Amino acid sequence: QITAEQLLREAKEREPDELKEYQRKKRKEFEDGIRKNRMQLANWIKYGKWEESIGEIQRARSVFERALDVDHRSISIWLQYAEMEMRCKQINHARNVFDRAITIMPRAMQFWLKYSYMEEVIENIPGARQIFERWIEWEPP
Amino acid sequence: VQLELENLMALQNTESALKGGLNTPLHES
Amino acid sequence: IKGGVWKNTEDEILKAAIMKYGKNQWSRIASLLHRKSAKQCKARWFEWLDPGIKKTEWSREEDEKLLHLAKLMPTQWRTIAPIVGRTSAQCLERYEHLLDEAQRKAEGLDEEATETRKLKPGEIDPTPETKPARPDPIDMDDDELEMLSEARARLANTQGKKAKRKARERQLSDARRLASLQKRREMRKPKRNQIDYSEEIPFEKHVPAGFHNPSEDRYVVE
Amino acid sequence: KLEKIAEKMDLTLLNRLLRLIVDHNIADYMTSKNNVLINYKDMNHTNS
Amino acid sequence: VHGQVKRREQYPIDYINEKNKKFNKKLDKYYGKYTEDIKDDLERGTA
Amino acid sequence: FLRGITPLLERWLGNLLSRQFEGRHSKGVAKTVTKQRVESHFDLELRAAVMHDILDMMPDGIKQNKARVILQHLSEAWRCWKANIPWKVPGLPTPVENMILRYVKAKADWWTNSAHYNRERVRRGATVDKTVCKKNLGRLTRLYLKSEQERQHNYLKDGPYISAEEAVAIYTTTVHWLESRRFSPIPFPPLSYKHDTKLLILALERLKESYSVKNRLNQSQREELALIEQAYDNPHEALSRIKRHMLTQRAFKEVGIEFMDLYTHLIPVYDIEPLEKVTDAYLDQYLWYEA
Amino acid sequence: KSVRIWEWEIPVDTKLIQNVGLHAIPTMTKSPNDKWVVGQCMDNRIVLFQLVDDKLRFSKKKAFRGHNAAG
Amino acid sequence: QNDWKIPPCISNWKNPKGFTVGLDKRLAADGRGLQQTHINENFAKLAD
Amino acid sequence: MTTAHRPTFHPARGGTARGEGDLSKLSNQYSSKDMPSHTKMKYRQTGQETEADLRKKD
Amino acid sequence: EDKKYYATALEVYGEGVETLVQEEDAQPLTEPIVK
Amino acid sequence: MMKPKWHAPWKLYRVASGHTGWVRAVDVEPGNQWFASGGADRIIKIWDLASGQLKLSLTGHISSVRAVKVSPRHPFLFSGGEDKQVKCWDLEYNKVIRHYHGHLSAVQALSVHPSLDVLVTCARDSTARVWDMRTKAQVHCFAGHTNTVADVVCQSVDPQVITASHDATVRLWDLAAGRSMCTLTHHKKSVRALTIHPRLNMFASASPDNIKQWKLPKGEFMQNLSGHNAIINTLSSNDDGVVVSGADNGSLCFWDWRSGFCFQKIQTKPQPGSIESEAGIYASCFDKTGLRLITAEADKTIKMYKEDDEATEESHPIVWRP
RNA sequence: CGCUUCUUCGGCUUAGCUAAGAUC
Ligand SMILES: [Mg+2]
C-alpha cells in the first residue's frame with residue numbers, strides 16, 4: 001500500500017454563588033430539554049437523579065411524578081423512582097411508590113421482587129410475606 | 001480455441017458480399 | 001485538459017473518497033481530486049479499480065464463451081461483458097490478443113509475435129481508466145502533495161458551515177468570560193419571559209396519598 | 001409512420017446490412033457505438 | 001441499593017469517532033456471515 | 001356597495017380589534033394541506049403508518065430502537081425503486097420486508113399516478129409553473145428508463161424478436177437490390193484521401209455551431225471547444241486519431257441521456273463524449289458524401 | 001492571543017511573537033533587573049520570556065504550577 | 001429475538017454520519033444477484 | 001451531526017388549542033368559514049326503508 | 001411486447017365469482033341520488 | 001367455553017376493481033341500496049350493492065380517504081382522510097356542503113351518532129373530536145388517549161362514544177360531560193378495531209394479541225376470541241351473531257359471537273399483478289340484512305362474501321368440545 | 001475457606017421529503 005487507509009484515514013484519526021448559578025443553569029438545561037422533548041424518558045431520570053444529588057429530594061420527587069404522567073407504563077421510571085427513595089432511606093415514601101407500581105402494573109415482576117426484597121432486607125418479614133401473598137393473588141408465573 | 005479463432009476470422013474480417021470474390025473456407029467446429 | 005494517465009496516488013484518494021461519500025455521488029468525489037471529472041472518476045471505478053472486476057488470469061471456459069459470444073453478438077462488447085463476467089475493455093483486448101495469437105500462427109509466429117504487435121505505438125490511450133495507474137514517483141511534488149493535503153482535510157471535515165462558524169464563540173468568549181468573571185472575583189441581567197426554575201418547584205406534581213405515613217421518613221440534606 | 005424503427009432494429013442484423021454497403025471496420029464501429037452504457041442520474045443500463 | 005446500581009454500571013482506522021466505531025462493530029456483527037463471499041474478493045487485492 | 005361591505009368590515013375590523021386587544025391565540029390551529037405541502041404531508045403519514053405497523057407487528061419484548069432502522073430500510077427501498085436498483089436486504093425479517101414492499105408500492109403508485117395527472121395538466125395547459133414541469137419531466141424520465149431497462153433485459157431473455165427467416169429475407173433483398181444497382185461499397189477513408197480536411201472542417205463547424213447559440217459554457221463543453229480548436233490547428237493529427245478509432249476501438253464511454261420537454265411529447269436527447277463526437281461527425285460527413 | 005512588540009512613536013509591529021500556543025495573559029510582571037518577565041495563564045500556568053532573547057517562535061523555557069490557584 | 005434482528009441499513013446514496021465504512025467490509029448494498037444472464041439460444045440461430 | 005431535520009418519531013398529541021377544554025377560550029377573531037351555514041338540517045323522508053320496517057319487509 | 005406478464009389461475013376463480021373492472025361511472029355527477 | 005350456535009360458511013362471490021389505491025373504508029346506505037368506499041386514491045366510489053356497478057366517483061379529498069360513513073337519518077355521507085379534512089357530502093347534490101376543520105393530523109375513523117346530529121372523528125393527533133353536524137362546532141375534544149385513535153363507534157345510550165387507540169386502551173366516554181368514565185387496559189397492543197353487537201348490549205375490540213368481548217355499559221371483560229395473531233384492523237358483527245375480523249395479512253376469520261368459536265378461516269388472494277404483500281384487508285362492513293360482507297383490500301379491490309346457501313349443520317358439524 | 005490485579009463472555013443506541021433537490 002501507499003496511502004489508502006494507513007494515511008488517508010489515519011491522518012483523520014485525531015484532527016459560592018457560582019455554584020448557585022450552576023444549579024440554575026442545570027435546571028434551565030433539564031427543564032427545556034423536557035419542553036423540547038418529552039418521552040425522552042432518560043432525561044427525566046437524569047433530571048430526577050440530579051435533584052437527588054443536589055439534595056433537593058422534594059424537587060426530585062415532583063420530577064418523577066411528572067415523568068409518570070408522561071409514561072406511567074415505564075418500569076425504569078418506577079424502579080428509579082423507587083430506588084432513589086430507598087437510597088435516601090425514605091422507606092415510607094418507597095413503600096408508597098412500590099404499592100402504586102404493583103397496583104398499576106401487577107404483571108411486572110421487577111416491582112414485586114424489588115418490593116418484597118426491600119421489605120425483607122429491612123427485616124419486616126411479615127411485610128414481605130404479605131407482598132408475596134398479594135403477588136400470588138394474581139396467580140403469577 | 002485456435003480452430004474457432006481461425007474460423008471466425010473468415011466470418012468477421014472479410015470484404016463485403018457485394019464485392020463477390022470466393023468465400024473463405026471455414027472449418028467445422 | 002482533463003484526465004491524463006492515472007497515478008497510484010489518485011486511485012487511493014478515489015478509494016478513500018468512494019469509501020466515505022458512497023458509490024454514487026461522483027461529483028462530490030471528483031471535487032476532491034484535480035484533473036478528473038466525475039464521469040472519469042465513475043469510469044475509473046467500474047472499469048478497472050472496483051474490487052471483483054476479475055483481474056485474475058483468463059481460462060479456457062472464459063475464452064470459449066468469449067469466442068462463442070463474439071460470433072453470436074458481433075461487436076456488442078457491452079452485452080458480451082456481463083455474460084463472460086469481465087469488463088468490456090478486458091473482453092476486447094483479450095479478443096484482440098487471442099486474434100493476435102491466431103494471426104501470428106499463420107506463418108512466422110515467433111518473429112510475428114515481436115516485430116510490431118509487441119506493444120502499442122505510444123499514442124495516448126483513448127481511455128486510460130481501463131489501464132493500471134502509473135506508480136507514484138520516488139518523491140512527491142506540489143501537484144500531489146496539495147491534493148493529498150486537501151484530501152486528508154476534507155475526509156473528516158464533517159462540520160457544516162453553521163457548526164464551524166458559531167461554535168468558535170465558545171473559545172473566543174470563554175477565556176474572556178473567565179476574565180470578566182475575574183472582575184466579579186476581584187471588584188466585589190434581568191430575565192422575566194419565563195419562570196426562574198430555581199425560585200420554586202416548577203409544575204409541582206404532589207405525591208399521592210398512600211397507606212404509609214410519609215412523615216415518618218426523616219431525611220438529612222446533603 | 002414506421003413506428004419504433006430505431007427502437008427495434010437489431011444490432012446484429014444492422015451490422016450485417018452495414019457490412020454490405022461499407023467497409024467492415026466502419027460497420028463494426030457503427031454498431032458497437034450503438035451498444036453503450038446509457039446513464040441518467042443514478043440509473044444505468046447497457047443499450048443492447 | 002448502591003450495590004445494585006454499581007454492578008449495573010460495570011458494562012484498520014475506519015471511524016471518525018467512537019460513535020462510528022460502535023456503528024462499524026454493528027456492521028461487522030450483522031453482515032459478518034452475509035459478506036464472506038464478498039470479503040474474499042476484497043482481500044485478494046481486487047484480483 | 002356599503003350595504004354589503006358593512007357586515008364584511010364589521011367582521012374584519014372585529015378580528016383586527018380582537019387580536020389587537022386579546023392577542024393572537026392562533027398557536028396550534030390546524031394548518032391545512034395545500035399545493036406545495038402535499039408531498040411532505042404524504043411522507044409524514046406514510047412514515048407514521050409504517051411506524052404503527054412496525055410497533056404492532058413486533059412481538060412484546062423487543063427493543064423498540066430497531067423501528068427507526070426499519071424506516072431507513074424503507075427510504076432505501078424507495079430510492080432503489082426510483083433508481084431501478086434491485087433492492088434485497090439479506091437478513092431483513094420477512095414480515096418487515098413484506099411490510100416495506102407494500103409501502104414502497106403505495107409510494108410508487110402515488111408517485112407515478114401523480115406524474116400522469118400532472119402531465120395531462122401540462123398537455124392541456126392547466127399549469128404554468130416551471131417547477132411543476134421540471135419536476136414532472138424528472139419523474140417521466142425515470143419512468144421511461146425504468147421501462148427501457150425492462151425492454152433491454154427482455155431482449156436478451158426473449159432473444160431476437162426477428163426470426164432468422166425474416167432476417168435472411170431482408171438481407172438477401174438488399175443484396176439483390178444493391179447488386180442490381182451496381183453499388184460499389186464505401187471504402188475505408190484512404191490514408192491520403194483528397195477530401196478529408198474539407199469533410200473534417202464541415203464536421204467541426206456542425207459541432208462548434210451548437211455553442212454560438214449559448215451564453216454559458218461548462219467543463220464538458222469547454223473540452224469540446226478545445227478539441228475543435230486543436231483539430232483546426234493540426235488537422236492531420238485529428239484525422240490520424242479519427243481513422244485510428246474506426247480501426248481499433250469498439251468500447252466507448254457511457255452515453256448520458258436527457259429528455260426535451262415539448263409539452264405534448266418528450267424527445268430523448270443524448271450527449272456523446274466530446275472526443276467521440278468529432279469522430280462520429282467526420283464519419284457522418286464521410287458516409288453522406290460517399291453515399 | 002498574539003504578542004506584538006512595538007517601537008515608541010511607531011504604530012507598526014516590528015517583531016511579532018506568534019504561535020498557536022498563545023492565550024490571554026491576565027497579568028504580566030517584569031523583574032526590576034530586566035532579566036526576566038513573568039506571565040500568568042488562566043488555567044493556572046506560567047510561561048516565561050527573557051527580555052534579551054526575543055524568542056518570537058514562542059517557548060515554555062521554564063514553567064511552574066505549584067500555586068494552589070484556580071483562576 | 002433472533003428472528004427480529006434488523007440489519008443496519010448500509011446505504012448507497014446518503015448517510016449523515018459521514019463515514020459509514022468498515023475497512024473489513026463495506027461492499028454489500030448491491031447484493032449478490034445472478035451474474036451472466038442466460039442469453040437466449042435464438043441468437044445463435046439468427047447469427048449463423 | 002444534523003438533527004433539526006428530523007421526522008415524527010415522537011407521537012403527535014392535541015386537545016388544548018383555542019376553545020378546547022373551556023368555551024370562553026375562543027378568541028373573538030374567527031375564521032371566514034365559521035359563519036353560520038346550512039342551518040336547516042335535512043332529514044331522510046318517511047318510508048326510506050327504515051330499519052324496523054325493513055326488518056318486517058324480510 | 002406489451003401483451004401480458006401475469007397469472008390466469010386467479011382468473012380461474014373468476015369462473016366462480018363476479019370479477020369486475022369498472023373504470024367508468026354508471027351515472028353522471030349531476031344525477032343526484034334521486035331526491 | 002359453551003356450545004356454539006352454528007353458522008353457515010361464507011364464500012367469495014364478487015370482486016369489484018377500480019380503485020387505484022388501497023380501499024380504506026366501506027359503509028352501507030341505510031336502505032341497503034348502495035355502499036360507499038374511500039381509498040388511497042383520494043376518491044370515494046359509490047357502488048350499487050346488488051349489481052356492483054360503480055354509480056359515482058366523488059373526488060375532493062386532498063389525500064387518502066380512510067373514513068366513510070353514510071348517515072342513518074340524513075341524506076349525508078361523511079368522510080375524513082389523511083389530509084385532516086372531514087367533509088359532509090350532500091347526496092342530494094353530490095357536493096361537499098360542510099367541512100369540520102380542527103384535526104391536527106390524519107383522520108383515522110369517524111362515526112355518526114345514531115340519534116343526535118353529532119359526528120365523532122378520530123385522528124393521529126390522539127384526540128377524538130365531537131362535531132355538531134349542523135353548525136360544524138367542536139362540541140367536545142376527547143383528549144384522553146396518548147397515541148393515535150384508531151377507531152370510534154357511537155350508540156344512543158351511555159357510553160355514547162367508545163374509542164380505541166394505539167396506546168392499547170379502549171375508553172368509554174360520557175358524551176354529555178365529555179370525560180372518559182372507563183378505561184379498558186386489557187389489550188397488550190394497539191386496538192385498531194371496534195364493533196358493537198347490533199342486538200346485544202355488548203361490544204368487541206381487536207388487537208394483534210386478542211379480540212376481546214365486553215359487556216356494556218360498564219365494559220366488563222367477557223372473553224377473548226383468541227388465535228387470530230395478525231394486525232386485525234376490522235371487526236364486523238352480524239345481526240344473527242357472526243363476527244368477522246379481517247387482518248393486515250389478508251386472512252379473514254369468522255367467529256360465533258356467543259361461544260367465540262372460529263368456524264371459518266378465509267385467506268384472501270391478491271388480484272392479478274399485485275404482490276403477495278398486498279393481501280391485506282383494511283375495512284369491512286355487513287350489509288343491512290347481514291348476509292353480504294363487503295371487505296376493502298390492500299390490493300385495491302373490493303371483495304364481497306355471501307353465506308353458502310346449501311350448507312347445513314350436518315354438512316358442517318359442530319360437536320361440543322368444552 | 002476470603003480480598004485484589006488482569007483478560008474474557010452476552011449485552012454495547014445513522015434525526016424526513018423534493019427534479020441523485022438543483023449546479024460545476
Ligand atoms: Mg455545503
# chains A, B, ... in the order shown; residues from 1 in each chain; ligands from 1
>>> residues_near_ligand(ligand="ligand 1", cutoff="10 Å", atoms="only C-alpha atoms (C1' of nucleotides) and all ligand atoms", output="VMD selection string")
chain C and resid 158 to 162
>>> select_by_dssp(residues="segment 93-234 of chain F", states="helix (DSSP H, G or I)", output="number ranges by chain")
F: 94-124, 130-158, 164-180, 196-212, 219-233
>>> write_last_selection(atoms="C-alpha atoms", output="compact mmCIF listing (two decimals), in the first residue's frame")
# COMPACT_ATOMS: atom_id res chain seq x y z
CA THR F 94 -39.74 -11.38 6.04
CA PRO F 95 -42.68 -9.68 7.82
CA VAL F 96 -40.63 -6.48 7.94
CA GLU F 97 -39.62 -6.82 4.29
CA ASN F 98 -43.12 -7.65 3.12
CA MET F 99 -44.41 -4.68 5.09
CA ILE F 100 -41.80 -2.39 3.49
CA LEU F 101 -42.55 -3.67 -0.01
CA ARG F 102 -46.21 -2.77 0.32
CA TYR F 103 -45.48 0.81 1.34
CA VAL F 104 -42.89 1.19 -1.41
CA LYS F 105 -45.51 0.10 -3.90
CA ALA F 106 -48.02 2.55 -2.43
CA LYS F 107 -45.49 5.35 -2.64
CA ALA F 108 -44.65 4.10 -6.11
CA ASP F 109 -48.25 4.07 -7.33
CA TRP F 110 -48.88 7.54 -5.92
CA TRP F 111 -45.64 8.80 -7.43
CA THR F 112 -46.34 7.53 -10.95
CA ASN F 113 -50.05 8.32 -10.81
CA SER F 114 -49.21 11.93 -9.96
CA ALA F 115 -46.75 12.02 -12.86
CA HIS F 116 -49.58 11.05 -15.20
CA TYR F 117 -52.00 13.57 -13.72
CA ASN F 118 -49.52 16.44 -13.84
CA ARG F 119 -48.61 15.66 -17.44
CA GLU F 120 -52.22 15.86 -18.53
CA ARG F 121 -52.24 19.29 -16.93
CA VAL F 122 -49.08 20.23 -18.84
CA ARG F 123 -50.53 18.88 -22.09
CA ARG F 124 -53.87 20.63 -21.64
CA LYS F 130 -41.94 25.82 -14.47
CA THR F 131 -41.05 23.87 -11.31
CA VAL F 132 -44.01 21.51 -11.77
CA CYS F 133 -42.98 20.88 -15.38
CA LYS F 134 -39.33 20.40 -14.47
CA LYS F 135 -40.30 18.08 -11.61
CA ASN F 136 -42.60 16.06 -13.83
CA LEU F 137 -40.03 15.66 -16.58
CA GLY F 138 -37.75 14.12 -13.96
CA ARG F 139 -40.41 11.62 -12.94
CA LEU F 140 -41.23 10.75 -16.54
CA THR F 141 -37.55 10.38 -17.40
CA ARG F 142 -37.27 7.78 -14.64
CA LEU F 143 -40.50 6.04 -15.67
CA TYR F 144 -39.16 5.80 -19.21
CA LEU F 145 -35.80 4.31 -18.23
CA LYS F 146 -37.49 2.02 -15.71
CA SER F 147 -39.38 0.53 -18.66
CA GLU F 148 -36.45 0.79 -21.08
CA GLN F 149 -34.30 -1.29 -18.73
CA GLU F 150 -37.09 -3.86 -18.84
CA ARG F 151 -37.08 -3.75 -22.65
CA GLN F 152 -33.32 -4.20 -22.93
CA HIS F 153 -33.29 -7.07 -20.43
CA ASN F 154 -36.26 -8.78 -22.08
CA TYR F 155 -34.45 -8.69 -25.42
CA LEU F 156 -31.59 -10.84 -24.15
CA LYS F 157 -34.08 -13.06 -22.32
CA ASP F 158 -36.63 -13.35 -25.15
CA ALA F 164 -33.77 -15.90 -38.74
CA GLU F 165 -36.15 -16.39 -41.68
CA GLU F 166 -37.12 -12.70 -41.79
CA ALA F 167 -33.54 -11.55 -41.23
CA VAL F 168 -32.19 -13.55 -44.17
CA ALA F 169 -35.17 -12.39 -46.23
CA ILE F 170 -34.34 -8.71 -45.73
CA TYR F 171 -30.60 -9.38 -46.06
CA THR F 172 -30.90 -11.15 -49.42
CA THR F 173 -33.38 -8.49 -50.58
CA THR F 174 -30.79 -5.74 -50.11
CA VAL F 175 -28.13 -7.83 -51.84
CA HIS F 176 -30.39 -8.29 -54.86
CA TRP F 177 -31.14 -4.57 -54.80
CA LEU F 178 -27.59 -3.28 -54.34
CA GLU F 179 -26.29 -5.83 -56.84
CA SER F 180 -28.74 -4.61 -59.48
CA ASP F 196 -10.63 14.66 -45.75
CA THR F 197 -9.86 18.14 -44.42
CA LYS F 198 -12.97 19.55 -46.09
CA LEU F 199 -15.20 16.85 -44.56
CA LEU F 200 -13.46 17.39 -41.22
CA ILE F 201 -13.96 21.15 -41.34
CA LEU F 202 -17.61 20.56 -42.19
CA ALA F 203 -17.84 18.25 -39.17
CA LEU F 204 -16.19 20.77 -36.84
CA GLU F 205 -18.49 23.64 -37.79
CA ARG F 206 -21.53 21.44 -37.12
CA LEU F 207 -20.12 20.91 -33.63
CA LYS F 208 -18.97 24.48 -32.98
CA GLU F 209 -22.31 26.00 -34.08
CA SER F 210 -24.07 24.47 -31.06
CA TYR F 211 -22.03 26.81 -28.79
CA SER F 212 -22.63 30.09 -30.63
CA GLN F 219 -16.36 21.69 -18.34
CA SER F 220 -17.72 19.20 -20.88
CA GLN F 221 -18.47 21.97 -23.38
CA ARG F 222 -15.06 23.57 -22.81
CA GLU F 223 -13.24 20.33 -23.55
CA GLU F 224 -15.14 20.01 -26.82
CA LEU F 225 -14.12 23.52 -27.87
CA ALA F 226 -10.51 22.65 -27.06
CA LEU F 227 -10.78 19.58 -29.30
CA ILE F 228 -12.32 21.66 -32.09
CA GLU F 229 -9.55 24.24 -31.80
CA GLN F 230 -6.89 21.51 -31.71
CA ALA F 231 -8.42 19.93 -34.81
CA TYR F 232 -8.27 23.31 -36.56
CA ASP F 233 -4.63 23.80 -35.59
>>> atom_distance(atom1="atom CA of residue 212 of chain C", atom2="atom CA of residue 92 of chain A")
5.5 Å
>>> residues_around(residues="residue 157 of chain K", least_positions_apart="5", cutoff="12 Å", atoms="only C-alpha atoms (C1' of nucleotides)", output="PDB file with C-alpha atoms, in the first residue's frame")
ATOM      1  CA  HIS K 113     -74.243   9.279  16.113  1.00  0.00           C
ATOM      2  CA  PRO K 114     -77.391   7.124  15.717  1.00  0.00           C
ATOM      3  CA  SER K 115     -79.938   9.657  17.057  1.00  0.00           C
ATOM      4  CA  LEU K 116     -78.224  13.033  17.582  1.00  0.00           C
ATOM      5  CA  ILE K 162     -66.370   4.274  22.562  1.00  0.00           C
ATOM      6  CA  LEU K 172     -65.814   4.654  27.223  1.00  0.00           C
ATOM      7  CA  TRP K 173     -66.906   8.293  27.085  1.00  0.00           C
ATOM      8  CA  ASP K 174     -69.657  10.317  28.703  1.00  0.00           C
ATOM      9  CA  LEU K 175     -70.844  12.318  25.713  1.00  0.00           C
ATOM     10  CA  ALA K 176     -72.780  14.775  27.857  1.00  0.00           C
ATOM     11  CA  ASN K 201     -75.635  -4.841  24.895  1.00  0.00           C
ATOM     12  CA  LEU K 216     -71.749  -2.725  28.181  1.00  0.00           C
ATOM     13  CA  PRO K 217     -72.208  -0.162  29.772  1.00  0.00           C
TER      14      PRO K 217
END
>>> atom_distance(atom1="atom CA of residue 182 of chain C", atom2="atom CA of residue 13 of chain G")
29.1 Å
>>> atom_distance(atom1="atom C1' of residue 11 of chain L", atom2="atom CA of residue 107 of chain A")
24.6 Å
>>> select_by_dssp(residues="chain G", states="strand (DSSP E or B)", output="MDAnalysis selection string")
chainID G and resid 3:6 13:17 28:30 37:41 45:49
>>> interface_residues(of="chain H", to="chain A", cutoff="12 Å", atoms="only C-alpha atoms", output="short mmCIF file (atom, residue, chain, number, x, y, z; two decimals) with N, CA, C and O atoms, in the first residue's frame")
data_model
loop_
_atom_site.label_atom_id
_atom_site.label_comp_id
_atom_site.auth_asym_id
_atom_site.auth_seq_id
_atom_site.Cartn_x
_atom_site.Cartn_y
_atom_site.Cartn_z
N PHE H 19 -19.28 8.68 7.33
CA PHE H 19 -18.15 7.78 7.08
C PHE H 19 -18.64 6.38 6.73
O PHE H 19 -18.41 5.91 5.62
N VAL H 21 -18.15 3.26 6.98
CA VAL H 21 -17.29 2.31 6.30
C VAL H 21 -16.64 1.43 7.35
O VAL H 21 -16.15 1.93 8.37
N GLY H 22 -16.65 0.12 7.10
CA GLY H 22 -15.66 -0.78 7.65
C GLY H 22 -14.64 -1.10 6.57
O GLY H 22 -14.99 -1.40 5.43
N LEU H 23 -13.36 -1.02 6.95
CA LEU H 23 -12.31 -1.41 6.01
C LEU H 23 -12.34 -2.91 5.76
O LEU H 23 -11.92 -3.37 4.69
N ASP H 24 -12.83 -3.69 6.72
CA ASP H 24 -13.00 -5.12 6.52
C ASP H 24 -14.13 -5.42 5.54
O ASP H 24 -14.00 -6.29 4.68
#
>>> closest_residue(among="E:12, E:28, E:41, E:22", to="chain L", atoms="only C-alpha atoms (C1' of nucleotides)")
E:22
>>> residues_around(residues="residue 18 of chain L", least_positions_apart="6", cutoff="10 Å", atoms="only C-alpha atoms (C1' of nucleotides)", output="PyMOL selection string")
chain F and resi 36+39-40+135
>>> interface_residues(of="chain I", to="chain A", cutoff="12 Å", atoms="only C-alpha atoms", output="count of residues only")
7
>>> residues_around(residues="segment 15-28 of chain C", least_positions_apart="3", cutoff="8 Å", atoms="only C-alpha atoms (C1' of nucleotides)", output="list in words")
residues 4, 5, 8 and 9 of chain A; 11, 12, 31, 32, 37, 38, 39, 41, 42 and 155 of chain C; 42 of chain D; 11, 12, 13, 14, 18, 19, 20, 21 and 26 of chain H; 20 of chain L
>>> interface_residues(of="chain J", to="chain K", cutoff="7 Å", atoms="only C-alpha atoms", output="NGL selection string")
:J and (6-7 or 10 or 17-23 or 25-27 or 29 or 32-35)
>>> residues_around(residues="residue 150 of chain K", least_positions_apart="2", cutoff="6 Å", atoms="only C-alpha atoms (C1' of nucleotides)", output="ChimeraX atom specification")
/K:108,164-165,192
>>> residues_around(residues="segment 184-199 of chain C", least_positions_apart="3", cutoff="12 Å", atoms="only C-alpha atoms (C1' of nucleotides)", output="ChimeraX atom specification")
/A:16-18,20-32,51,56,59 /C:177-181,202-204 /G:70-71
>>> decode(residues="segment 141-192 of chain K", atoms="C-alpha atoms", output="mmCIF file, in the first residue's frame")
data_model
loop_
_atom_site.group_PDB
_atom_site.id
_atom_site.type_symbol
_atom_site.label_atom_id
_atom_site.label_comp_id
_atom_site.auth_asym_id
_atom_site.auth_seq_id
_atom_site.Cartn_x
_atom_site.Cartn_y
_atom_site.Cartn_z
ATOM 1 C CA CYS K 141 -62.455 17.182 22.308
ATOM 2 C CA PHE K 142 -61.804 13.791 23.938
ATOM 3 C CA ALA K 143 -58.153 14.307 24.860
ATOM 4 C CA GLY K 144 -57.795 11.101 26.888
ATOM 5 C CA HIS K 145 -55.685 8.752 24.783
ATOM 6 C CA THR K 146 -51.904 9.036 24.471
ATOM 7 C CA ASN K 147 -51.392 7.654 20.949
ATOM 8 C CA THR K 148 -53.347 7.746 17.677
ATOM 9 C CA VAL K 149 -57.006 6.892 17.973
ATOM 10 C CA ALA K 150 -57.762 4.120 15.513
ATOM 11 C CA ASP K 151 -61.479 3.527 15.895
ATOM 12 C CA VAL K 152 -64.634 5.051 17.276
ATOM 13 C CA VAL K 153 -68.215 3.860 17.447
ATOM 14 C CA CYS K 154 -71.343 5.614 18.684
ATOM 15 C CA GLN K 155 -74.548 4.470 20.338
ATOM 16 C CA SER K 156 -77.645 6.144 21.708
ATOM 17 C CA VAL K 157 -77.208 5.214 25.396
ATOM 18 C CA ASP K 158 -74.270 5.760 27.718
ATOM 19 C CA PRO K 159 -71.422 5.304 26.775
ATOM 20 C CA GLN K 160 -72.496 7.180 23.668
ATOM 21 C CA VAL K 161 -68.896 7.131 22.354
ATOM 22 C CA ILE K 162 -66.370 4.274 22.562
ATOM 23 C CA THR K 163 -62.809 4.767 21.313
ATOM 24 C CA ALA K 164 -59.831 2.535 20.584
ATOM 25 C CA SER K 165 -56.211 3.619 20.330
ATOM 26 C CA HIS K 166 -52.620 2.675 19.628
ATOM 27 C CA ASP K 167 -51.922 3.138 23.340
ATOM 28 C CA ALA K 168 -53.650 -0.307 23.631
ATOM 29 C CA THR K 169 -56.578 1.097 25.663
ATOM 30 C CA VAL K 170 -60.278 1.224 24.905
ATOM 31 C CA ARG K 171 -62.118 4.147 26.529
ATOM 32 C CA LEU K 172 -65.814 4.654 27.223
ATOM 33 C CA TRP K 173 -66.906 8.293 27.085
ATOM 34 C CA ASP K 174 -69.657 10.317 28.703
ATOM 35 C CA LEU K 175 -70.844 12.318 25.713
ATOM 36 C CA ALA K 176 -72.780 14.775 27.857
ATOM 37 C CA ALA K 177 -69.840 15.578 30.112
ATOM 38 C CA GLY K 178 -67.090 14.806 27.627
ATOM 39 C CA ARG K 179 -64.970 12.745 30.031
ATOM 40 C CA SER K 180 -63.876 9.104 29.912
ATOM 41 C CA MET K 181 -65.715 7.301 32.674
ATOM 42 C CA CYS K 182 -63.949 3.991 31.975
ATOM 43 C CA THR K 183 -60.572 2.830 30.635
ATOM 44 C CA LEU K 184 -60.215 -0.789 29.463
ATOM 45 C CA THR K 185 -56.497 -1.602 29.594
ATOM 46 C CA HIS K 186 -56.708 -5.290 28.804
ATOM 47 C CA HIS K 187 -55.142 -5.209 25.330
ATOM 48 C CA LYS K 188 -51.385 -5.574 25.078
ATOM 49 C CA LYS K 189 -51.062 -3.903 21.647
ATOM 50 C CA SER K 190 -52.751 -1.234 19.532
ATOM 51 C CA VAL K 191 -56.544 -1.536 19.454
ATOM 52 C CA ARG K 192 -57.352 -0.862 15.791
#
